[PDB]
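>>> Following this: a sequence and the matching experimental structure.
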Amino acid sequence: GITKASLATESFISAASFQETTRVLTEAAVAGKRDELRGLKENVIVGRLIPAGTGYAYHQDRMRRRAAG
Amino acid sequence: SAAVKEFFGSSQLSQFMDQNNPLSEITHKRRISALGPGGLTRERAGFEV
Amino acid sequence: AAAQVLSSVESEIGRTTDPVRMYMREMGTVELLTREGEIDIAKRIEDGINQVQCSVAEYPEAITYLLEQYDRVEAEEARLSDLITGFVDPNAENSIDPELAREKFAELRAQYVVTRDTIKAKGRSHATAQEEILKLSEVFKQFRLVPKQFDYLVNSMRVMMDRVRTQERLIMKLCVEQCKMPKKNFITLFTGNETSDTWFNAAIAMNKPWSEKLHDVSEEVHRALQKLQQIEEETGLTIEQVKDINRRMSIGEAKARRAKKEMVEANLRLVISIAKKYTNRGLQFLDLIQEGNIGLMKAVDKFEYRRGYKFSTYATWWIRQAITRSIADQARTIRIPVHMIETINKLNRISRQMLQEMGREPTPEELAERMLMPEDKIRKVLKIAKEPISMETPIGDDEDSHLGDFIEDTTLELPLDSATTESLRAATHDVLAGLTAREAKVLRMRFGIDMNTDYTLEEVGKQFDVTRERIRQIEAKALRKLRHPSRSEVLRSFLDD
Amino acid sequence: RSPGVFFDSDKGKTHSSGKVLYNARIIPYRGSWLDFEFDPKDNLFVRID
Amino acid sequence: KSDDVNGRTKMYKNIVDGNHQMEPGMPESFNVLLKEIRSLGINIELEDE
Amino acid sequence: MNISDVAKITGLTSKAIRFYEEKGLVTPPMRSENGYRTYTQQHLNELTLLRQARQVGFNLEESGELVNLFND
Amino acid sequence: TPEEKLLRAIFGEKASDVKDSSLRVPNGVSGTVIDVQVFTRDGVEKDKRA
Amino acid sequence: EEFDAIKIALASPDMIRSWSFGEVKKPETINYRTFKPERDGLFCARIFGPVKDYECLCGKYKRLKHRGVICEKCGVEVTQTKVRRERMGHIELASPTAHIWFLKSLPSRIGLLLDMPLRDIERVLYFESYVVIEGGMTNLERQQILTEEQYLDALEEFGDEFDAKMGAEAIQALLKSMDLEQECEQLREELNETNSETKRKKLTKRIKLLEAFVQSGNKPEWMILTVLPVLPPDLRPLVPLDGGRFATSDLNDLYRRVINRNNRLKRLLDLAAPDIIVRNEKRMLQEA
DNA sequence: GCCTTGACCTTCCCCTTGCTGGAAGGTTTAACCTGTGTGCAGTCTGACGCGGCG
Ligand SMILES: [Zn+2]
């Protein structure tokens, strides 16, 4: 289903945004979660560039920096 | 006195009336509602009403 | 049976959550029992402390005793205050004059000096030595207990036993964890000697192949028994009678302990009655009810039975004071101590009658007259009388937005004035470049620019050199250099800053 | 809504049935309410407030 | 234009020097949220790069 | 003794007595554990002496010396 | 600060232990005054314009 | 500013301490005219840091001149008032308590772990039914529910030889007791027998849950609260407006009452009073 | 521009009578009186979980 796919997500923060943040972060902090910051929203809240638009061209540089530390 | 003055001035029925035009007054007092206590709510309420 | 019915009810609590139900449906179990509950519980409590104070006497180890405390307080020639009022004081079944005390504190000395000699009369437990024990006791049993000071007399046992006991535990910590030992043999053998390690060979006579491996820790084991034995030398009496007196008065205090309980459970319903009579909405139900329970504790924990009244009323007003304080200490995040509180109370007690007999609100001067006290107090009272109003109140017509939006951060900066101040600084040091290096530098430091701290006249001097007044005249020099209506224009607008 | 006594008929909310749900209610100017109603499986039930 | 403080001040000072440049940081409402989670018994944190 | 009873017996008030004790003008009265200044018949007559001493004209100092006289 | 300190060391002007609370016209508004009303407690002196 | 990733886990008492600066000890805030924070109240600058930019409470230290320095009159350190935001507080408790989220959401995530109903656990912590810690004797078992009369019948049957209790510390020690590991491998293989719908699902979620606890490094011990953190003040302020009236982040109220009852408990702690009323106070805490 | 050089001022703390008034902070009274509640809340509701219960 649509909304359940929104909730049932790889990451948790955009999931933690808008619809029952409670259960999200409960089942997250028990689990030792960590998101790896490739969603848009994920880069919105920090205010960093999106991995996208104009910014994909730099986010790819960041991605090969993730490869090259 | 507490009860009565609270009603006459902090109920959501008393309002600062409309000093635009005469009809504004006469209609604003010739209003009817089903909001507030013993009443309804727009989200609770539907279309038939 | 209420537990019989609490059984079913708790079996089918309809997912109820309120501890009001829990506490009240629990304390409803035990009913009222008074009017001889009061007096028999009283006789039991006083019998508890009676057998305590009976136990207290005949003291071999608690050598510092009421005669000592009475000389310590009589060390500086005088006292008739409360700490004597606890002392011996035979009630004829209350300030104490010298001669009466000096008498009552004397035949006890006689019983001691005639008693301490027979302790060695063919043993601690001789017939006539025990006669002087029991007779010293009987000499005391006409008298009563003595004050909370006596607490430390009990402590002088515990802090010994706490130590002695601990050493045994310590010895066991050294004896019992590393190697194996028996627990049917160790007991009676340990009880056997109590003085020398003769139970060592007696226990090991079974030849106990683990007992052959008594090495590498014995230098600790025997040195932990050394601590117990040196405490035994310090005591000077081996312990079975001190244990007797201890558990005697220990049940003696537990007596009063558990006896005062059923008085706790006697009168809980008056407590809730009053708390709900005052839960006219000061704070909340339960905390009030609980302060009332402390109410009932201290009411019972001191009670005079001799008066012949009902316990409950004595208790009642004690409870009233406890809660009627605790309402007023707390119940505001602002602290307003009690004196202001009762001022406000009586103020309004007068205000109600001014409202009637005027039909109209009061005036500060009128109730100042009626109260006979001055204006500005009333002013600052009414300034202070009011309470805070909840950051997130709904100031909108609907939930439009609460009060938070309508608040200013009137604290931090103006970016305009920040940049303006940076510009002030820029222009100022630009000018300081334009004046003498000596004057400019020495004035940067004299006014504290270019560093953290501000030097002064003589200190700047004796850094530079000893001068005082030509330093002032150097200041005037720099003023003339700056006054100079060609360079002012970088600050002739900061004139207006 | 006035006081007195009102009736109504809900439209088979166990729409497995597609069946009527008659129910009746009183309303005072003050006090407690009362609700009478039929279940789908042919039995009366009642509830105050 | 909303939250970060160093940036807003710096850039004000800079465009007054005709500089159309940026120097970002991190917002404040974010760290607010961090504190308001850590209140709830939570070892939220951030990984170094 | 009861400190108010004593101050009314000597006519003074408690802070007067305390002021005088601050100035070391009498025998020291003890407290009680609750903190009540243990006055006395000794302090009774010391305070009555120190009372009439200044009404006569003896200051804090010479009236303290008069209570020294009595205590001598 | 040492620099405002410096300016008021140069010219030596001061501030009193009072400041202003002048009511003013909000921005952009302009107009005509046609009435004033003042209220004062019962007991305080009614001043000159009062 | 820069960083890689977000990281979440359960928090230890040790680390809630490590974050904090000093513990609070009383509920008050300020005077009613000399609007000045107290010691160990809620705005005490000692722990949270100073009040203005580098000024002490009395005015001893000022203007950055003594940077890493303290007015030990009050005991407030010379710093900016910028750290109103940051320096959280901490609190220690008498008896720990349970976090409502870790059960009272839908599925508990903690009682579920132990296959246990919610209602039993409710009856425990609102002090309605005892339970066995663990089976000392062979008669009775772990997770074995006890009502007080039944508790007692078992007691007079044995006396000392078992471990039974009502309250949370019971549950604390319980979840401390178990091991993820062997139960995980059990429920893994136990799947095989009846891998119908129900047995499979239940064993599934449990196995996954256990492994989650393992490999995250998280812990069941930390499920509940021997400690509590205090939020800094400016996030929860208490300030006047023009008319002379204060306004209060209502949170403040939610805090302050709690503290006082904690210390009330520490009063009664000196007494070994009837544990009934003590239970009343515990209930009151958990509710608050 | 280096030095005092003497001699004058202003401020700020601290001191000397004989107390007084104020603020904050404590502890006990014997006639008594024994299970709330107290105004909610008007039932929104469809999808979806899951507990018990067949
Ligand atoms: Zn300070």
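Received it, and whenever you're ready, just let me know what you need. Numbering: from 1, shown residues only, chains lettered A, B, ... in the order given.

>>> who in chain B is up against DNA strand I?
By the rule C-beta under 7 Å from any atom of the strand, the part of chain B lying against DNA strand I is B:40, B:41, B:43, B:44. No exception for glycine: its C-beta is placed from N, CA and C like everyone else's.

>>> er, chain A actually
So chain A meets DNA strand I at A:1, A:4 (C-beta under 7 Å from any atom of the strand).

>>> Looking at chain A, which residue is nearest DNA strand I?
residue A:1 (5.7 Å; C-beta to the nearest atom of the strand).

>>> repeat for chain B
residue B:44 (4.3 Å).

>>> any idea how far residue B:35 is from that residue?
If you measure residue B:44 against residue B:35 using C-beta to C-beta, to the nearest Å, the figure is 11 Å.

>>> Which pair in the residues of chain B next to DNA strand I has the greatest spatial separation?
Greatest spatial distance among the residues of chain B next to DNA strand I (C-beta to C-beta): B:40 and B:43, at 9.5 Å.

>>> Please give me every residue in contact with residue 15.
Going with chain A. A:6, A:7, A:9, A:21, A:24 (C-beta atoms under 8 Å, 6 or more residues apart in numbering or on different chains).

>>> Oops, wrong one, chain H.
residue E:43.

>>> for chain F, longest helix please?
helix F:41-56 (DSSP state H).

>>> Enumerate the beta-bridge partners assigned to the residue positioned nearest the centre of chain D.
Nearest to the geometric centre of chain D sits residue D:23, at 2.8 Å (C-alpha atoms, centre = their mean). Counting by DSSP bridges, residue D:23 is bridged to residue D:8, residue D:37.

>>> now it: how far from DNA strand I?
7 Å (C-beta to the nearest atom of the strand, to the nearest Å).

>>> Thought residue D:8 was touching that residue, still the case?
Yes. Proximity of residue D:23 to residue D:8 meets the contact threshold set by C-beta atoms under 8 Å, at 5.9 Å.

>>> Go ahead and confirm residue A:20 touches residue A:6.
No. Between residue A:20 and residue A:6 there is no contact under C-beta under 8 Å: 10.6 Å.

>>> Which residues are in contact with the residue of chain D found nearest chain C?
Per C-beta to the nearest C-beta, residue D:47 is where chain D lies closest to chain C, at 14.7 Å. Listed by C-beta under 8 Å, 6+ apart, the contact set of residue D:47 reads D:34, D:35.

>>> Now it: phi and psi?
Backbone torsions of residue D:47, given as degrees, to the nearest 10, read phi -160, psi 130.

>>> ok, what's across the strand from it?
residue D:35.

>>> what's the distance between it and chain E?
Per C-beta to the nearest C-beta, to the nearest Å, residue D:47 is found 39 Å from chain E.

>>> Give me the distance between that residue and residue C:387.
Taking C-beta to C-beta, one finds residue D:47 at 42 Å from residue C:387.

>>> cool, and residue C:187?
In terms of C-beta to C-beta, residue C:187 sits 68 Å off from residue C:387.

>>> swap in residue H:1?
43 Å.

>>> Please apply the same query to residue C:43.
50 Å.

>>> who touches the one residue in chain C that gets nearest to chain F in this structure?
With C-beta to the nearest C-beta, the shortest gap between chain C and chain F falls at residue C:81, namely 3.8 Å. By C-beta under 8 Å, 6+ apart, the residues touching residue C:81 are F:30, F:31, F:32, F:33, F:36, F:38.

>>> all helices of chain F, in order?
Under the criterion DSSP H, chain F contains helices at F:3-9, F:14-22, F:41-56, F:60-71.

>>> So for residue C:313, which of those helices sits nearest?
Smallest distance to residue C:313 across those (C-beta to C-beta): 29.1 Å, for helix F:3-9.

>>> Which elements pack onto the closest one?
helix F:14-22, helix F:41-56 (3 or more C-beta pairs under 8 Å, 6 or more residues apart in numbering or on different chains; DSSP states H and E).

>>> List the buried residues for the shortest one?
Using 16 or more other C-beta atoms under 10 Å in any protein chain shown as the test for burial, helix F:14-22 gives F:17, F:20, F:21.

>>> Could you do stretch D:10-25 as well?
Quick answer for stretch D:10-25 (16+ other C-beta under 10 Å): D:21, D:23.

>>> what do you get for stretch A:28-47?
So, applying 16+ other C-beta under 10 Å, buried residues of stretch A:28-47: A:28-35, A:37, A:39, A:42-43, A:45-47.

>>> now do stretch C:281-293
For stretch C:281-293, by 16+ other C-beta under 10 Å, it's C:283, C:285, C:286, C:287, C:288, C:289, C:290, C:291, C:292, C:293.

>>> Which one of the residues you listed is nearest to residue H:108?
Distances from residue H:108 to these, taken by C-beta to C-beta, are shortest for residue C:286, at 27.2 Å.

>>> what about the closest residue to the closest one other than its chain neighbours, how many neighbours?
Of all residues not flanking residue C:286 in the chain, residue H:284 sits nearest, at 5.7 Å (C-beta to C-beta, 6 or more residues apart in numbering or on different chains). Look at residue H:284: counted by other C-beta atoms under 10 Å in any protein chain shown, it has 20 neighbours.

>>> mind listing what residue H:284 touches?
Counted by C-beta under 8 Å, 6+ apart, residue H:284 has contacts C:19, C:286, C:287, C:290, H:261.

>>> Turn those residues into CSV, including secondary structure and distance to residue G:30.
Formatted as CSV, the contacts of residue H:284 follow (DSSP: H, G, I helix; E, B strand; the rest coil; distance: C-beta to C-beta, whole Å):
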residue, secondary structure, distance to residue G:30
C:19, helix, 65
C:286, helix, 62
C:287, helix, 60
C:290, helix, 65
H:261, helix, 60
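
>>> For residue 48, list the residues it contacts.
No chain in the question, so chain A it is. residue A:37.

>>> my bad, chain F
Contacts of residue F:48 (C-beta under 8 Å, 6+ apart): residue F:10.

>>> returning to that earlier point: out of the buried residues of stretch A:28-47, name the ones that lie in strands.
The members of the buried residues of stretch A:28-47 all map outside strands under DSSP state E.

>>> Select from these every entry located in helices.
A:28, A:29, A:42, A:43, A:45, A:46.

>>> ok, residue 1 - contacts?
By default, I'm working from chain A. Contact analysis of residue A:1 by C-beta under 8 Å, 6+ apart lists nothing.

>>> Chain F, not that one
Counted by C-beta under 8 Å, 6+ apart, residue F:1 has contacts F:38, F:39, F:40, F:43, F:44.

>>> For chain G, give me its nearest residue in chain A.
residue A:47 (32.8 Å).

>>> go on, the stretch 101-250 of chain H?
Closest point on the stretch 101-250 of chain H to chain G, by C-beta to the nearest C-beta, is residue H:242, at 11.5 Å.

>>> Excluding chain neighbours, give the residue nearest to the residue in chain G positioned nearest to the ion in space.
Residue of chain G nearest the ion, by C-beta to the ion: residue G:1 (22.5 Å). Of all residues beyond its chain neighbours, the one nearest residue G:1 is residue C:421 (7.4 Å), with distances taken as C-beta to C-beta, 6+ apart.

>>> Same check on residue H:244?
Among residues not flanking residue H:244 along the chain, residue C:383 sits closest, at 6.8 Å (C-beta to C-beta, 6+ apart).

>>> With respect to residue F:53, which of the buried residues of helix F:14-22 is nearest?
residue F:20 (10.5 Å).

>>> can you pull the contacts of the closest one?
F:26, F:47, F:50, F:60.

>>> burial count for the residue nearest to residue H:244?
What residue C:383 shows, counting by other C-beta under 10 Å, is a neighbour count of 12.

>>> which SS class is it?
Secondary structure, DSSP: H, G, I helix; E, B strand; the rest coil: residue C:383 is helix.
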